[PDB]
>>> print(open('final.pdb').read())   # PDB, C-alpha atoms
ATOM      1  CA  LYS A   1      -3.078 -19.753  -1.160
ATOM      2  CA  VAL A   2      -6.565 -18.674  -2.214
ATOM      3  CA  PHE A   3      -8.496 -17.930   0.971
ATOM      4  CA  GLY A   4     -12.200 -18.467   1.450
ATOM      5  CA  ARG A   5     -14.198 -15.423   2.654
ATOM      6  CA  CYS A   6     -14.855 -16.620   6.208
ATOM      7  CA  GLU A   7     -11.495 -18.335   6.495
ATOM      8  CA  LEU A   8      -9.834 -14.994   5.703
ATOM      9  CA  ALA A   9     -12.093 -13.063   8.103
ATOM     10  CA  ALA A  10     -11.023 -15.357  10.946
ATOM     11  CA  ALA A  11      -7.313 -15.025  10.158
ATOM     12  CA  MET A  12      -7.558 -11.227   9.959
ATOM     13  CA  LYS A  13      -9.547 -11.126  13.200
ATOM     14  CA  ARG A  14      -7.000 -13.308  14.983
ATOM     15  CA  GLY A  15      -4.444 -10.947  13.444
ATOM     16  CA  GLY A  16      -5.974  -7.974  15.262
ATOM     17  CA  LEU A  17      -7.546  -6.218  12.282
ATOM     18  CA  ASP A  18     -11.180  -6.118  13.491
ATOM     19  CA  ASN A  19     -11.805  -2.440  14.252
ATOM     20  CA  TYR A  20      -8.102  -1.633  13.978
ATOM     21  CA  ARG A  21      -7.963   2.178  13.631
ATOM     22  CA  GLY A  22     -11.758   2.065  13.662
ATOM     23  CA  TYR A  23     -12.114  -0.113  10.549
ATOM     24  CA  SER A  24     -14.439  -3.056  11.024
ATOM     25  CA  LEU A  25     -13.518  -6.522   9.719
ATOM     26  CA  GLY A  26     -15.857  -6.291   6.724
ATOM     27  CA  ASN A  27     -13.743  -3.398   5.395
ATOM     28  CA  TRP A  28     -10.577  -5.543   5.393
ATOM     29  CA  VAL A  29     -12.239  -8.572   3.828
ATOM     30  CA  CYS A  30     -13.792  -6.326   1.138
ATOM     31  CA  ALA A  31     -10.429  -4.719   0.358
ATOM     32  CA  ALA A  32      -8.695  -8.118   0.077
ATOM     33  CA  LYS A  33     -11.447  -9.348  -2.289
ATOM     34  CA  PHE A  34     -11.082  -6.445  -4.651
ATOM     35  CA  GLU A  35      -7.315  -6.125  -4.378
ATOM     36  CA  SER A  36      -6.285  -9.734  -4.858
ATOM     37  CA  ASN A  37      -9.442 -11.850  -5.063
ATOM     38  CA  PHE A  38      -8.292 -13.498  -1.776
ATOM     39  CA  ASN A  39      -5.061 -14.737  -3.412
ATOM     40  CA  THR A  40      -1.837 -14.390  -1.375
ATOM     41  CA  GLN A  41       0.341 -14.815  -4.463
ATOM     42  CA  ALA A  42      -1.162 -11.980  -6.501
ATOM     43  CA  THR A  43       1.286  -9.370  -7.853
ATOM     44  CA  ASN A  44       0.701  -6.430 -10.170
ATOM     45  CA  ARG A  45       3.259  -4.108 -11.741
ATOM     46  CA  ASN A  46       2.616  -0.417 -11.884
ATOM     47  CA  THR A  47       3.610   2.185 -14.484
ATOM     48  CA  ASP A  48       6.120   3.842 -12.151
ATOM     49  CA  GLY A  49       8.000   0.515 -12.040
ATOM     50  CA  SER A  50       6.879  -0.501  -8.552
ATOM     51  CA  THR A  51       4.894  -3.696  -7.892
ATOM     52  CA  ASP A  52       1.976  -4.564  -5.599
ATOM     53  CA  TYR A  53       2.198  -7.782  -3.577
ATOM     54  CA  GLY A  54      -0.148 -10.197  -1.917
ATOM     55  CA  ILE A  55      -3.584 -10.376  -0.428
ATOM     56  CA  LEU A  56      -3.622  -6.632   0.270
ATOM     57  CA  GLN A  57      -1.506  -5.524  -2.721
ATOM     58  CA  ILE A  58       1.155  -3.686  -0.729
ATOM     59  CA  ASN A  59       3.388  -1.421  -2.834
ATOM     60  CA  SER A  60       7.164  -1.813  -3.224
ATOM     61  CA  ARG A  61       7.837   1.927  -3.578
ATOM     62  CA  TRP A  62       7.150   2.536   0.142
ATOM     63  CA  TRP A  63       6.561  -0.596   2.134
ATOM     64  CA  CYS A  64       8.680  -3.578   1.103
ATOM     65  CA  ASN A  65      11.927  -4.321  -0.661
ATOM     66  CA  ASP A  66      11.822  -6.216  -3.975
ATOM     67  CA  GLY A  67      15.211  -5.104  -5.153
ATOM     68  CA  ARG A  68      13.920  -3.583  -8.390
ATOM     69  CA  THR A  69      12.129  -0.395  -7.335
ATOM     70  CA  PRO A  70      14.604   2.491  -7.197
ATOM     71  CA  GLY A  71      13.856   4.848  -4.330
ATOM     72  CA  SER A  72      11.935   2.200  -2.379
ATOM     73  CA  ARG A  73      11.620   3.063   1.321
ATOM     74  CA  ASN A  74      10.918  -0.416   2.783
ATOM     75  CA  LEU A  75       8.939   1.057   5.670
ATOM     76  CA  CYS A  76       7.749  -2.389   6.736
ATOM     77  CA  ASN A  77      11.364  -3.673   6.663
ATOM     78  CA  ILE A  78      10.579  -6.852   4.796
ATOM     79  CA  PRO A  79      11.207  -8.413   1.357
ATOM     80  CA  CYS A  80       8.075  -8.130  -0.772
ATOM     81  CA  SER A  81       8.119 -11.907  -1.303
ATOM     82  CA  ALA A  82       7.259 -12.395   2.388
ATOM     83  CA  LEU A  83       3.896 -10.769   1.573
ATOM     84  CA  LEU A  84       2.998 -13.632  -0.791
ATOM     85  CA  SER A  85       3.130 -16.328   1.880
ATOM     86  CA  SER A  86       0.119 -18.474   2.852
ATOM     87  CA  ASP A  87       0.543 -17.176   6.412
ATOM     88  CA  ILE A  88      -0.884 -13.644   6.225
ATOM     89  CA  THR A  89       0.881 -12.343   9.356
ATOM     90  CA  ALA A  90       3.434 -10.209   7.439
ATOM     91  CA  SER A  91       0.737  -8.623   5.249
ATOM     92  CA  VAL A  92      -1.331  -8.017   8.366
ATOM     93  CA  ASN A  93       1.534  -6.353  10.292
ATOM     94  CA  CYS A  94       2.472  -4.173   7.325
ATOM     95  CA  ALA A  95      -1.157  -3.192   6.705
ATOM     96  CA  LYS A  96      -1.349  -1.900  10.285
ATOM     97  CA  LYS A  97       1.483   0.540   9.556
ATOM     98  CA  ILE A  98      -0.075   1.617   6.231
ATOM     99  CA  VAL A  99      -3.540   2.291   7.679
ATOM    100  CA  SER A 100      -1.968   4.296  10.534
ATOM    101  CA  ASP A 101      -0.071   6.482   8.046
ATOM    102  CA  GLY A 102      -2.627   9.298   7.990
ATOM    103  CA  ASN A 103      -4.952   8.451   5.107
ATOM    104  CA  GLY A 104      -6.517   5.376   6.660
ATOM    105  CA  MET A 105      -7.898   2.797   4.232
ATOM    106  CA  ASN A 106      -7.961   5.313   1.360
ATOM    107  CA  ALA A 107      -4.413   4.058   0.838
ATOM    108  CA  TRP A 108      -6.039   1.076  -0.920
ATOM    109  CA  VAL A 109      -7.637   2.268  -4.171
ATOM    110  CA  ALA A 110     -10.027  -0.683  -4.540
ATOM    111  CA  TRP A 111     -11.272  -0.030  -0.981
ATOM    112  CA  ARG A 112     -11.936   3.621  -1.713
ATOM    113  CA  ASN A 113     -13.667   2.832  -5.011
ATOM    114  CA  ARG A 114     -15.517  -0.365  -4.185
ATOM    115  CA  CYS A 115     -15.856  -0.782  -0.415
ATOM    116  CA  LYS A 116     -16.010   2.662   1.112
ATOM    117  CA  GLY A 117     -19.594   3.619   2.005
ATOM    118  CA  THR A 118     -21.056   0.232   1.168
ATOM    119  CA  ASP A 119     -22.548  -2.303   3.572
ATOM    120  CA  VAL A 120     -19.244  -3.992   4.380
ATOM    121  CA  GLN A 121     -21.004  -6.113   6.986
ATOM    122  CA  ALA A 122     -22.115  -8.359   4.176
ATOM    123  CA  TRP A 123     -18.533  -9.596   3.810
ATOM    124  CA  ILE A 124     -18.531 -11.393   7.143
ATOM    125  CA  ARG A 125     -22.182 -12.387   7.213
ATOM    126  CA  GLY A 126     -22.599 -16.082   7.831
ATOM    127  CA  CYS A 127     -19.129 -16.558   9.275
ATOM    128  CA  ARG A 128     -18.612 -18.192  12.641
ATOM    129  CA  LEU A 129     -16.354 -15.593  14.234
TER     130      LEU A 129
END
>>> encode(input="final.pdb", output="structure tokens")
Amino acid sequence: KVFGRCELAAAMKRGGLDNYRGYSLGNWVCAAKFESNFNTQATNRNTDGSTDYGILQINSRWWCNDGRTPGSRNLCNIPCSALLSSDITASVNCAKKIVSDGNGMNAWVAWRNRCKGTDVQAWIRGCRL
């Protein structure tokens, strides 16, 4: 499913992401935009053999099991395919663990390079939240 900006903001908010670990909602919507272009089915393979899955491009080396990443830790205890669902709950629950891991949102490279320090408020402007 390809989410709309405001539609995604509402789902993430309902999911408990607004200001989770101090990160406002605009941060999360911005990261999703640049990581997957709001597409739940996005996947991207990395050079180390791991793959990134879903709306927030969660990596198979640490967070989910895809059965083809040797040394995977599956810290979110979930098959990576569950992260591609139209219901973002799994991605949301796993993202909470990732952001709490010590490096905050810097764990998402597109956030660090394209969202961090920008007016992220623009991402939820106009939305009825």
>>> residues_near_point(input="final.pdb", point="(-5.5, -7.5, 12.5)", cutoff="9 Å", atoms="only C-alpha atoms", output="ChimeraX atom specification")
/A:11-20,25,28,89,92-93,95-96
>>> atom_distance(input="final.pdb", atom1="CA of residue 2 in chain A", atom2="CA of residue 39 in chain A")
4.4 Å
>>> resolve_selection(input="final.pdb", expression="the PyMOL selection byres ((chain A and resi 49-63) around 7)", output="PyMOL selection string")
chain A and resi 32+35-36+38-48+64-66+69+71-76+80+83-84+91
>>> write_last_selection(input="final.pdb", atoms="C-alpha atoms", output="PDB file, in the frame of the given file")
ATOM      1  CA  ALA A  32      -8.695  -8.118   0.077  1.00  0.00           C
ATOM      2  CA  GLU A  35      -7.315  -6.125  -4.378  1.00  0.00           C
ATOM      3  CA  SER A  36      -6.285  -9.734  -4.858  1.00  0.00           C
ATOM      4  CA  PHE A  38      -8.292 -13.498  -1.776  1.00  0.00           C
ATOM      5  CA  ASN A  39      -5.061 -14.737  -3.412  1.00  0.00           C
ATOM      6  CA  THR A  40      -1.837 -14.390  -1.375  1.00  0.00           C
ATOM      7  CA  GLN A  41       0.341 -14.815  -4.463  1.00  0.00           C
ATOM      8  CA  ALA A  42      -1.162 -11.980  -6.501  1.00  0.00           C
ATOM      9  CA  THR A  43       1.286  -9.370  -7.853  1.00  0.00           C
ATOM     10  CA  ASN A  44       0.701  -6.430 -10.170  1.00  0.00           C
ATOM     11  CA  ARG A  45       3.259  -4.108 -11.741  1.00  0.00           C
ATOM     12  CA  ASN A  46       2.616  -0.417 -11.884  1.00  0.00           C
ATOM     13  CA  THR A  47       3.610   2.185 -14.484  1.00  0.00           C
ATOM     14  CA  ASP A  48       6.120   3.842 -12.151  1.00  0.00           C
ATOM     15  CA  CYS A  64       8.680  -3.578   1.103  1.00  0.00           C
ATOM     16  CA  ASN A  65      11.927  -4.321  -0.661  1.00  0.00           C
ATOM     17  CA  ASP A  66      11.822  -6.216  -3.975  1.00  0.00           C
ATOM     18  CA  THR A  69      12.129  -0.395  -7.335  1.00  0.00           C
ATOM     19  CA  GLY A  71      13.856   4.848  -4.330  1.00  0.00           C
ATOM     20  CA  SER A  72      11.935   2.200  -2.379  1.00  0.00           C
ATOM     21  CA  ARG A  73      11.620   3.063   1.321  1.00  0.00           C
ATOM     22  CA  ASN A  74      10.918  -0.416   2.783  1.00  0.00           C
ATOM     23  CA  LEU A  75       8.939   1.057   5.670  1.00  0.00           C
ATOM     24  CA  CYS A  76       7.749  -2.389   6.736  1.00  0.00           C
ATOM     25  CA  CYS A  80       8.075  -8.130  -0.772  1.00  0.00           C
ATOM     26  CA  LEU A  83       3.896 -10.769   1.573  1.00  0.00           C
ATOM     27  CA  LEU A  84       2.998 -13.632  -0.791  1.00  0.00           C
ATOM     28  CA  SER A  91       0.737  -8.623   5.249  1.00  0.00           C
TER      29      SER A  91
END
>>> atom_distance(input="final.pdb", atom1="CA of residue 123 in chain A", atom2="CA of residue 4 in chain A")
11.2 Å
>>> closest_residue(input="final.pdb", among="A:122, A:81, A:117, A:90", to="residue 105 in chain A", atoms="all atoms listed in the file")
A:117
>>> build_atoms(input="final.pdb", residues="range 35-61 of chain A", atoms="N, CA, C and O atoms", output="PDB file, keeping the file's coordinate frame")
ATOM      1  N   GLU A  35      -8.716  -6.363  -4.091  1.00  0.00           N
ATOM      2  CA  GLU A  35      -7.315  -6.125  -4.378  1.00  0.00           C
ATOM      3  C   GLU A  35      -6.650  -7.357  -4.966  1.00  0.00           C
ATOM      4  O   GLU A  35      -5.905  -7.260  -5.929  1.00  0.00           O
ATOM      5  N   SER A  36      -6.949  -8.522  -4.412  1.00  0.00           N
ATOM      6  CA  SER A  36      -6.285  -9.734  -4.858  1.00  0.00           C
ATOM      7  C   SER A  36      -7.186 -10.918  -5.115  1.00  0.00           C
ATOM      8  O   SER A  36      -6.684 -11.999  -5.427  1.00  0.00           O
ATOM      9  N   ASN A  37      -8.490 -10.749  -4.904  1.00  0.00           N
ATOM     10  CA  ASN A  37      -9.442 -11.850  -5.063  1.00  0.00           C
ATOM     11  C   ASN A  37      -9.100 -12.987  -4.078  1.00  0.00           C
ATOM     12  O   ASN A  37      -9.163 -14.165  -4.426  1.00  0.00           O
ATOM     13  N   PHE A  38      -8.660 -12.592  -2.878  1.00  0.00           N
ATOM     14  CA  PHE A  38      -8.292 -13.498  -1.776  1.00  0.00           C
ATOM     15  C   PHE A  38      -7.073 -14.384  -2.068  1.00  0.00           C
ATOM     16  O   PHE A  38      -6.862 -15.399  -1.393  1.00  0.00           O
ATOM     17  N   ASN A  39      -6.247 -13.967  -3.023  1.00  0.00           N
ATOM     18  CA  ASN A  39      -5.061 -14.737  -3.412  1.00  0.00           C
ATOM     19  C   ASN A  39      -3.774 -14.082  -2.881  1.00  0.00           C
ATOM     20  O   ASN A  39      -3.418 -12.952  -3.266  1.00  0.00           O
ATOM     21  N   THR A  40      -3.082 -14.830  -2.013  1.00  0.00           N
ATOM     22  CA  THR A  40      -1.837 -14.390  -1.375  1.00  0.00           C
ATOM     23  C   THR A  40      -0.679 -14.180  -2.347  1.00  0.00           C
ATOM     24  O   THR A  40       0.210 -13.379  -2.089  1.00  0.00           O
ATOM     25  N   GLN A  41      -0.712 -14.897  -3.464  1.00  0.00           N
ATOM     26  CA  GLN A  41       0.341 -14.815  -4.463  1.00  0.00           C
ATOM     27  C   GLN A  41       0.142 -13.768  -5.553  1.00  0.00           C
ATOM     28  O   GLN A  41       0.950 -13.669  -6.459  1.00  0.00           O
ATOM     29  N   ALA A  42      -0.936 -13.001  -5.485  1.00  0.00           N
ATOM     30  CA  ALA A  42      -1.162 -11.980  -6.501  1.00  0.00           C
ATOM     31  C   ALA A  42      -0.077 -10.877  -6.506  1.00  0.00           C
ATOM     32  O   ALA A  42       0.401 -10.436  -5.445  1.00  0.00           O
ATOM     33  N   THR A  43       0.329 -10.462  -7.701  1.00  0.00           N
ATOM     34  CA  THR A  43       1.286  -9.370  -7.853  1.00  0.00           C
ATOM     35  C   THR A  43       0.800  -8.578  -9.054  1.00  0.00           C
ATOM     36  O   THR A  43       0.124  -9.122  -9.942  1.00  0.00           O
ATOM     37  N   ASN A  44       1.086  -7.288  -9.063  1.00  0.00           N
ATOM     38  CA  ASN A  44       0.701  -6.430 -10.170  1.00  0.00           C
ATOM     39  C   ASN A  44       1.719  -5.314 -10.292  1.00  0.00           C
ATOM     40  O   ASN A  44       2.064  -4.671  -9.304  1.00  0.00           O
ATOM     41  N   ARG A  45       2.261  -5.145 -11.492  1.00  0.00           N
ATOM     42  CA  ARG A  45       3.259  -4.108 -11.741  1.00  0.00           C
ATOM     43  C   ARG A  45       2.575  -2.815 -12.079  1.00  0.00           C
ATOM     44  O   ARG A  45       1.572  -2.802 -12.793  1.00  0.00           O
ATOM     45  N   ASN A  46       3.164  -1.725 -11.625  1.00  0.00           N
ATOM     46  CA  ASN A  46       2.616  -0.417 -11.884  1.00  0.00           C
ATOM     47  C   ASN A  46       3.463   0.299 -12.911  1.00  0.00           C
ATOM     48  O   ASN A  46       4.597  -0.094 -13.161  1.00  0.00           O
ATOM     49  N   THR A  47       2.916   1.367 -13.484  1.00  0.00           N
ATOM     50  CA  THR A  47       3.610   2.185 -14.484  1.00  0.00           C
ATOM     51  C   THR A  47       4.901   2.828 -13.969  1.00  0.00           C
ATOM     52  O   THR A  47       5.885   2.927 -14.699  1.00  0.00           O
ATOM     53  N   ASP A  48       4.920   3.227 -12.703  1.00  0.00           N
ATOM     54  CA  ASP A  48       6.120   3.842 -12.151  1.00  0.00           C
ATOM     55  C   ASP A  48       7.237   2.820 -11.894  1.00  0.00           C
ATOM     56  O   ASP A  48       8.299   3.170 -11.381  1.00  0.00           O
ATOM     57  N   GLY A  49       6.985   1.550 -12.216  1.00  0.00           N
ATOM     58  CA  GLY A  49       8.000   0.515 -12.040  1.00  0.00           C
ATOM     59  C   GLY A  49       7.883  -0.274 -10.755  1.00  0.00           C
ATOM     60  O   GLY A  49       8.570  -1.272 -10.594  1.00  0.00           O
ATOM     61  N   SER A  50       7.065   0.200  -9.818  1.00  0.00           N
ATOM     62  CA  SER A  50       6.879  -0.501  -8.552  1.00  0.00           C
ATOM     63  C   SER A  50       5.902  -1.667  -8.762  1.00  0.00           C
ATOM     64  O   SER A  50       5.252  -1.741  -9.795  1.00  0.00           O
ATOM     65  N   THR A  51       5.778  -2.543  -7.773  1.00  0.00           N
ATOM     66  CA  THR A  51       4.894  -3.696  -7.892  1.00  0.00           C
ATOM     67  C   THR A  51       4.080  -3.845  -6.613  1.00  0.00           C
ATOM     68  O   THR A  51       4.536  -3.442  -5.531  1.00  0.00           O
ATOM     69  N   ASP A  52       2.853  -4.341  -6.746  1.00  0.00           N
ATOM     70  CA  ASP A  52       1.976  -4.564  -5.599  1.00  0.00           C
ATOM     71  C   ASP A  52       1.998  -6.064  -5.302  1.00  0.00           C
ATOM     72  O   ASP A  52       1.903  -6.902  -6.220  1.00  0.00           O
ATOM     73  N   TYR A  53       2.081  -6.395  -4.016  1.00  0.00           N
ATOM     74  CA  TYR A  53       2.198  -7.782  -3.577  1.00  0.00           C
ATOM     75  C   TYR A  53       1.192  -8.301  -2.563  1.00  0.00           C
ATOM     76  O   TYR A  53       0.888  -7.659  -1.550  1.00  0.00           O
ATOM     77  N   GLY A  54       0.738  -9.510  -2.825  1.00  0.00           N
ATOM     78  CA  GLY A  54      -0.148 -10.197  -1.917  1.00  0.00           C
ATOM     79  C   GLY A  54      -1.601  -9.866  -1.811  1.00  0.00           C
ATOM     80  O   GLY A  54      -2.143  -9.069  -2.556  1.00  0.00           O
ATOM     81  N   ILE A  55      -2.184 -10.473  -0.786  1.00  0.00           N
ATOM     82  CA  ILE A  55      -3.584 -10.376  -0.428  1.00  0.00           C
ATOM     83  C   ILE A  55      -4.071  -8.927  -0.343  1.00  0.00           C
ATOM     84  O   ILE A  55      -5.193  -8.621  -0.728  1.00  0.00           O
ATOM     85  N   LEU A  56      -3.224  -8.028   0.151  1.00  0.00           N
ATOM     86  CA  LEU A  56      -3.622  -6.632   0.270  1.00  0.00           C
ATOM     87  C   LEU A  56      -2.899  -5.692  -0.683  1.00  0.00           C
ATOM     88  O   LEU A  56      -2.955  -4.475  -0.505  1.00  0.00           O
ATOM     89  N   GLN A  57      -2.215  -6.271  -1.676  1.00  0.00           N
ATOM     90  CA  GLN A  57      -1.506  -5.524  -2.721  1.00  0.00           C
ATOM     91  C   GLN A  57      -0.633  -4.365  -2.230  1.00  0.00           C
ATOM     92  O   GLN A  57      -0.728  -3.249  -2.724  1.00  0.00           O
ATOM     93  N   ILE A  58       0.262  -4.673  -1.301  1.00  0.00           N
ATOM     94  CA  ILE A  58       1.155  -3.686  -0.729  1.00  0.00           C
ATOM     95  C   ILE A  58       2.270  -3.292  -1.714  1.00  0.00           C
ATOM     96  O   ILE A  58       2.954  -4.149  -2.289  1.00  0.00           O
ATOM     97  N   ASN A  59       2.434  -1.986  -1.888  1.00  0.00           N
ATOM     98  CA  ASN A  59       3.388  -1.421  -2.834  1.00  0.00           C
ATOM     99  C   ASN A  59       4.870  -1.405  -2.443  1.00  0.00           C
ATOM    100  O   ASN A  59       5.228  -1.039  -1.316  1.00  0.00           O
ATOM    101  N   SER A  60       5.719  -1.747  -3.413  1.00  0.00           N
ATOM    102  CA  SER A  60       7.164  -1.813  -3.224  1.00  0.00           C
ATOM    103  C   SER A  60       7.871  -0.469  -3.136  1.00  0.00           C
ATOM    104  O   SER A  60       8.989  -0.398  -2.636  1.00  0.00           O
ATOM    105  N   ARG A  61       7.239   0.591  -3.639  1.00  0.00           N
ATOM    106  CA  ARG A  61       7.837   1.927  -3.578  1.00  0.00           C
ATOM    107  C   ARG A  61       8.034   2.432  -2.136  1.00  0.00           C
ATOM    108  O   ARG A  61       9.052   3.053  -1.825  1.00  0.00           O
TER     109      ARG A  61
END
